[PDB]
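Chain residues, written in single-letter form:
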Amino acid sequence: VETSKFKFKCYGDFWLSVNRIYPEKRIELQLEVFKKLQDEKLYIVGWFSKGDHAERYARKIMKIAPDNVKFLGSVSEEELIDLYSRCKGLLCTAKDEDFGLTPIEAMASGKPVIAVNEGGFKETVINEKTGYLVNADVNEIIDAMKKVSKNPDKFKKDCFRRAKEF
């Protein structure tokens, strides 16, 4: 996994999630989280295939999402790198990602990762060292996010290091 093109800019005031708008990504969970954390912001990178059945689910998600959630759609690598470099941290809730590419890219950017304790997330994120591993649970995710909010650069060096190990 290449991570030389990623960099750090700042711990911005927005959380990031990189995942297509499909059921297996548990986008609904992310929405429930920000419906409670009205003081936080989420930028979602990912779209869907027009004309495909998934479109119904995608549009439903976008209509039930709170105002503090932004759907960016499909972005270029330049955009992705920049988003990783400026986010406060990465949120992962997918159940079909076994490699943990997104956590690696986020950590290569010096960012903490909050993710469900499954697949590639469990294989990349180190609980309490480069982020937090929790269950697919609204309250658990919010608690983890609140910790990061209090100390954004707490795991900076550890994240850069972990990213090199892949």
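Conventions adopted
- Residues numbered from 1 in each chain as written, not as in the entry; some residues may be left out.
- Heavy atoms only, no water.
- Helix = DSSP H or I, 4+ residues; strand = E, 2+ residues; numbered from the N terminus.
- Contact = heavy atoms within 4.5 Å.
- Buried < 20%, exposed > 50% of the residue type's maximum accessible area, 1.4 Å probe, protein only.
- Pairing = 2+ DSSP bridges.
- Axes fitted to C-alpha atoms, helices over the stretch in contact; angles between N-to-C directions.
- Core = buried A, V, L, I, M, F, W, Y, C linked by side-chain atoms within 4.5 Å.

Per the deposited record, the coordinates in this entry were obtained by X-ray crystallography to a resolution of 1.80 Å.

(A) Spatial organisation of the environment of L101. Residue position: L101 is located in helix α4 (residues 101-108). With 19 residues separating them in the primary sequence, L101 and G120 have C-alpha atoms 7.5 Å apart.

(B) Representation of the environment of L91 within the structure. With respect to the helices and strands, the residue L91 is situated in strand β4 (residues 89-92). Taking the C-alpha atoms as reference, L91 lies 19 Å from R161; in sequence the two are 70 residues apart. If we ignore the near neighbours within four places in the chain, the residues touching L91 are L16, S17, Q30, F34, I114 and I141.

(C) Highlighting helix α3 (residues 77-86). Every buried residue belonging to α3 is among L80, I81, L83, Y84 and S85, and all of these are buried. The elements touched by buried residues of α3 are β1 (15-18), β2 (42-45), β3 (69-73), β4 and α4.

(D) Summary view of the sheet that holds β3. Read across the open sheet, the 6 strands follow the order β3-β2-β1-β4-β5-β6; overall the sheet is parallel. Each of the sheet's edge strands pairs with one partner strand only, and the pair in question is β3 and β6 (131-134). For this sheet, the mean inter-axis angle between neighbouring strands, taken without regard to orientation, is 20°. For strand β5 (residues 113-116) and β6, the ladder comprises 4 bridges, and the chain directions are parallel. Its bridge partner being in β6, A115 is matched across the sheet by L133.

(E) Looking closely at the nonpolar core. Ranked by internal contacts, the top residues of the largest apolar core, which has 52 residues, are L16 and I114. Here this core gets 6 residues from one element, more than from any other, and that element is helix α6 (residues 138-150). Residue contacts for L16: discarding those within four places in its chain leaves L42, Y43, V45, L83, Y84, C87, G89, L90 and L91.

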